[PDB]
Structures are given as C-alpha cells and as structure tokens.
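Just the one chain here, laid out as structure tokens, in the form deposited in one PDB entry.
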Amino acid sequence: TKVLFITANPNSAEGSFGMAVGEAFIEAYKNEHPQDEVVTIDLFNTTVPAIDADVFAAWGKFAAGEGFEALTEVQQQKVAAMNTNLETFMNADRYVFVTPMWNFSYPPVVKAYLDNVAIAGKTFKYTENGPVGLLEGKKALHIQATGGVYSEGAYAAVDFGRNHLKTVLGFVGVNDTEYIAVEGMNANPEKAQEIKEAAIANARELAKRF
C-alpha cells in the first residue's frame, strides 16, 4: 500500500494543531503497517504550478497534437511539475490531507494541488449524464484544524475547505473519505490542550482501521 501524506500548513507538528494530529495519525499508521510506503508531500515546499496562460498555451499545443519541444522552457517546467504531481497522486492507494481553516477555507496551494490532480482523461472522464471519476480502490482522510466549531450544525454550511475537498475527491473517484476535525481551540482556549489530545486519540484509533 502507497500512502501520500499531503500537508498544507506552514508550521510543523510542534506549532500546529492539525499537524500534531496528522503526525500522530501517520505514525500510528506506519507502526500498524511497517511494510507500507508513505511519501510526504509538503505543499508549502513542493512545486505546484497554478493553471495560467503558460499552461493553457501548453495544453493547446498538446491538443494540436504537438510534442514537448514545442513548449517554451517555462511551459516545459510547469507541465513537468504538473505531470509529476498527477502521476504520484494517481499511483498512491491512500491520501491524508492536513489543513488549517483560513477565512472559511483551506490555504490556496490546496486548490492549486487539486487543479494538478483533477485531469480529464486521467482522473475523470465525460459521460452521457456527466463527469465520472476514473480512480478506483482509493481511500482518503481529511484532518482539519479550525478556530470555531463547524463539523455539524448550521455552521457546517460555511465549512468550505472540507466540503470542497470532499467534492473534488468524490469527483475523481475517491468516494471513501474520512474526516477528523480538531476544532474549537480559539472559541475555548482553556480547552485547547484537551481538544488536541482527544483528536490525537481519535487519529490513533483511526490508524488501526484505515
């Protein structure tokens, strides 16, 4: 089994609630499955090209059935990085995403990564009734840390990071998703440590059945 541990937090497990929880998850997981390969993708230190005029131009050459040498140097560099990211995603069996909630959503590089990974003909295809995913046999976990509480109730409707990430994963075929919220630390700073510990314990149990 190949696992991607995809993190989008500028802070380490020492200074981030999500990363402490994701770290506890991924280490309990390796312990349970010492023969599994686990690759960390730190999105703040990975090249994750934004879809821009260069990518659109590169795509036009490929659609025009042209080769890689028709691209400029920067287009080449952009496409080769997008290709790597796509190919690593497609080949792994399990995905762990760790995000903080910023302004009701995830950090911008998460959308940039999703844009690398959701590709027609590769991870989804067009159907008589509309798009369907191509990826089969995958499972995903989203661990999200949030100042307030959005995991259930009325505030769930503004949890855009979680809701959008789950939608795109389902769109590419990854309908088997798990969710861990590390929530309420800013609404109750007195309970932050126990909130963290409870989610850590939640993650370590999840590791035994993921």
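Throughout, rigid core stands for the largest set of C-alpha atoms superposing within 1.5 Å between the two forms. Start at 1 and count along the sequence shown; that's the residue number.
In this entry, 129 to 137 shows the higher mean Cα temperature factor of the pair 97 to 105 and 129 to 137. When the two stretches 181 to 189 and 143 to 151 are set side by side, the higher mean Cα temperature factor goes to 181 to 189.
For the set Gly67, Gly161, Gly170, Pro34, the maximum C-alpha B-factor listed in the entry falls on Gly67.
Each of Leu86, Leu71, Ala92, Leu114 has a CA temperature factor in the record; the biggest one is found at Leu71. Per the deposited record, the Cα B-factor of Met82 falls in the middle third when ranked against the other modelled residues of its chain. Among the modelled residues of its chain, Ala120 has a C-alpha B-factor that falls in the highest third according to the deposited record. Ranked within its chain, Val38 lands in the middle third, by CA B factor from the PDB record. In this PDB entry, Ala50 carries a Cα temperature factor that places it within the middle third of its chain's modelled residues. Remark: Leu165 belongs to the lowest third of its chain, ranked by C-alpha B-factor as recorded.
Omitted here: the form deposited in another entry. The next part is about that form.
Superposition of the core reveals a Cα shift of 2 Å or more for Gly130 between the shown form and the other one. Core-superposed comparison between the shown form and the other one: the C-alpha position of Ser12 differs by no less than 2 Å. Here's the thing about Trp102 and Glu14: their CA atoms end up at least 3 Å closer in the other entry than they are in this form.
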